[PDB]
Every structure is written in structure tokens, then in C-alpha cells.
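Heads up, the thing below is written out as C-alpha cells.
There are 2 protein chains.
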Amino acid sequence: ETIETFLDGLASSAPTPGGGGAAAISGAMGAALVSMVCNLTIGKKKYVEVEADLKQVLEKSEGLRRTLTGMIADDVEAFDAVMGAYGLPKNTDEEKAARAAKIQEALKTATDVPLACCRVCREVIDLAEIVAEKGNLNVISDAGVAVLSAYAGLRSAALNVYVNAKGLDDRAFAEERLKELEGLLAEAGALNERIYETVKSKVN
Amino acid sequence: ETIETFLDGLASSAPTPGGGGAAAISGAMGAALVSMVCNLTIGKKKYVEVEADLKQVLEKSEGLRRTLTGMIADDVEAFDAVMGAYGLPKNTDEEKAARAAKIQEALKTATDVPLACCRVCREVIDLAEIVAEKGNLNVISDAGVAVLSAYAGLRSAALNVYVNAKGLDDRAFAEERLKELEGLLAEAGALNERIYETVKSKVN
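This is the structure in C-alpha cells:
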């Protein structure tokens, strides 16, 4: 899909793509920029001490980028399934029961997907940190864009987890997913500002 | 250009696409999600007191969307021009003088392009605040994603302002742009957390 077409879809009254899709894109760009800093530090003679560490980082970030790029489509199809299920008919007892059950199972999927996106964005913040410490100083600004895009991705997906978890009958499933989410948010809140500041400082 | 082709380019050792390209996309997705909330609130029986204000928001957000989508290529062009200017030959005295002129010109344009992306992202945050207060409660999460995505874009472009402003001979030019950037950053910092918190609280 074209960036312009995606953006036209996002802006429209089409329920997909939505915030979940944009979240995965924020994450993917974060993963990509970590990979860029690695690719532009590996080889450089001044940066031999970190080359092996950054080849490992590049390995994981390229992994995270593939996953997060896939997650754009996962969130779109997860949220289409939710709208699908709200649109089933509700004339009879049996239909009302089928509809309610299918809504619940779509909601569950549309909670796990943004939550998965949160986990991968949290890992991108960890790699953003390393390339902020070790990266080629000429391109260090890209480590700062990576952490901001990843943190945007994380808190964007988090809102999707909150709004979906609230509609679930299974309170054990919901409360387990919220507790994980809170810990990912609290960790990322502590690191995001510090990594930005390290980059802001090296930039000036 | 496809999201996947952009992401492949972003990750590679090519100096573009870079942090500044990503910043424009972050800003563009922010504007799109403001439009989306407007499109899913306008024509709703329950939201008529606000239908008037939200048609003026749609008009503005659809405008900012168009500008930030164009800024993806503007930022690619501006930074390619910086890299291209450092790589010009120094074989004659006229070449050396032309190269030093073209480096300063490219640094100037590569400071104004990201500063423009910061101004537009700062306006997307004001529009996101309005849709957080007045938008359809069913899609209020997307007002959250819009502000996070716009804030990420503002601060991403800000780092590129800092990186390019540091190479400029013209300190009047650098210091006016830096003074204006500091205003946009201090305002957006204050507003981002409060709009996020409004949306979060209205989610549950």
C-alpha cells in the first residue's frame, strides 16, 4: 500500500486503517532508524570497539522491523473482525448469543494485537538506547527519532489495548493484559526521555 | 512509494530516507487521525452542538495532512542536497567557493524544512486537543494516537533542526530558528501529556 493511499484510508470514515495501524508504523520506523544507525556505524574505523555489539543490534532491529511491518495488517484485520462482529444480525436469542460471543473473541484478538505491538516497541526502545550510546555521532539524531517513533508506537497501541480490554466479559484475560501493559508503559516512560536527552546532548 | 519500500530505504545505509522523512510521516498520520475522528463525528444526531467547530477542524486537518505528506519528499531532497554539497569537487578555486556556498545553502534549507514540519505538527496538536474534547466517544482513542504521532514528529524534526543549525556560519539565522523551535517544543511538551491523559481517562 502507498504512503499516500494508507494516509487517505487513515483520514477517512473507514474504521480501518485506524490508530492501531499508525502505531505499528511508528514502531516499524523506530526499528528501521536503529538499523540505519547500525548500518552507518559498522565499518567506520573510529567505531571498531562497538562493531560486534552493533552487528547483533542490527540483527534484532531488522527482526523487529519485519514483525512490526506485519503488525500493520494484523491490526487492520483484527479491527475489521470487530466491526464485522458488531454487524452480525441480532433477531433471535441464538443470533444474539452468536453475535455477543463473536464480538468478545474479536475484542480479545484486537487487545492481543496492539499488546504484541507494545512489546516489540518496548524492545525497539532498548535497541534505540544502545545505538544512542554507541552509534556514529554524525548520524546520532536518528537514534533520537527511533526512540520517539517507538514510544509513540507503544502509547498509541496502549490506548487500543485500553479501549478493547474495557469491553471484555473475561476479566481475568483483561486484567492480565492490562497488568503487562502498565509495566511496559512505566519502563518506556522512564527510558524515552533519558534516551532523547542523550541524543539531544550529543547533537549539541 | 510503498510503506515497505520506504521502511527498506529508511533502514539501509542510504542517508535518505532519514529521521526527517519519518518525522513528516508521524505528523501526517497525526493529521489523518484528526480528520478520521471528524469524519466519524460529523453527521451524528448526538454531536450537533460541535458539528460546526468539527467541520472547521476537518478543513484545517485535511490541509495539514496534504502539507506534511509533501514534506516527506522535501526532507529527502533537503538532506540529499547536504550530502551532495559535502561531496562536490574542490579541483579549482571557483569549485571550492561554490562547494562552501552550496554547503551553507543546503544547511539553511535543511534547517527550514524540518522547522516547517515542527510548525505544522504544533498545529496538529491544537487540532487533536479539539477532537479529544468534542469528538465521538466511540473513536476517542484515535485523538490520542493523533497527538502522540504529532508530538513524535515535532520532536523528531526538532533534532534535525538542531543538527543542521550547528553547521551554519549565519548565527542570526541559526539563533532565530532555534528561538522559534524552543517555543514550539515547550508548548507541545505541556499539551501532549494533558491531551493524552484526557483521551486515556475518557477510554476507561
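Just so you know, the protein sequences line up as chains A and B, in that order. Position one of the first sequence corresponds to residue 5 (PDB author numbering), numbered consecutively onward. Position one of the second sequence corresponds to residue 5 (PDB author numbering), numbered consecutively onward. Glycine included, every Cβ here is placed at the ideal spot set by N, Cα and C.
Nearest-angstrom Cα separation, counted from residue j out to residue i
i: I144 (chain A); j: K206 (chain A); result: 7 Å
i: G34 (chain B); j: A77 (chain A); result: 19 Å
i: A85 (chain B); j: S30 (chain A); result: 26 Å
i: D146 (chain A); j: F83 (chain A); result: 32 Å
i: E81 (chain A); j: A110 (chain A); result: 10 Å
i: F177 (chain B); j: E55 (chain A); result: 38 Å
i: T202 (chain B); j: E133 (chain B); result: 9 Å
i: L182 (chain B); j: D173 (chain A); result: 52 Å
i: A169 (chain B); j: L163 (chain B); result: 10 Å
i: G148 (chain B); j: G139 (chain B); result: 11 Å
i: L152 (chain B); j: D57 (chain B); result: 22 Å
i: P93 (chain A); j: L14 (chain A); result: 27 Å
i: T9 (chain B); j: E191 (chain B); result: 35 Å
i: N43 (chain B); j: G187 (chain A); result: 34 Å
i: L11 (chain A); j: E53 (chain A); result: 42 Å
i: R198 (chain A); j: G91 (chain A); result: 46 Å
i: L72 (chain A); j: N208 (chain A); result: 32 Å
i: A194 (chain B); j: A136 (chain B); result: 16 Å
i: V167 (chain B); j: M75 (chain B); result: 18 Å
i: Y155 (chain B); j: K50 (chain B); result: 30 Å
i: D79 (chain A); j: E184 (chain B); result: 38 Å
i: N142 (chain A); j: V117 (chain B); result: 19 Å
i: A28 (chain A); j: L119 (chain B); result: 26 Å
i: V124 (chain B); j: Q60 (chain B); result: 16 Å
i: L68 (chain B); j: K100 (chain A); result: 43 Å
i: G157 (chain A); j: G171 (chain A); result: 22 Å
i: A89 (chain A); j: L37 (chain A); result: 38 Å
Continuous alpha helix (DSSP H) stretch holding residue i: start and end
i: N43 (chain B); result: 23-43
i: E180 (chain A); result: 175-207
i: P93 (chain A); result: First-last for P93 (chain A): undefined, no H or E at that position.
i: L11 (chain A); result: 7-15
i: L163 (chain A); result: 145-169
Status (buried if at least 16 other CB within 10 Å, exposed otherwise) for residue i
i: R159 (chain B); result: buried
i: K112 (chain A); result: buried
i: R175 (chain B); result: exposed
i: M87 (chain A); result: exposed
i: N196 (chain B); result: buried
i: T45 (chain B); result: buried
i: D97 (chain A); result: exposed
i: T115 (chain B); result: buried
i: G24 (chain A); result: buried
i: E127 (chain B); result: buried
i: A161 (chain B); result: buried
i: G47 (chain B); result: exposed
i: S17 (chain B); result: exposed
i: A32 (chain A); result: buried
Check: residue i C-beta below 7 Å from any heavy atom of the ligand NAP
i: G47 (chain B); result: Of ligands this structure carries none, so the ligand NAP is not represented either.
List, from N- to C-terminal side, the alpha helix (DSSP H) runs of 4 residues or more that fit wholly inside the segment 50-87 of chain B. The qualifying runs do not exist here; there are none.
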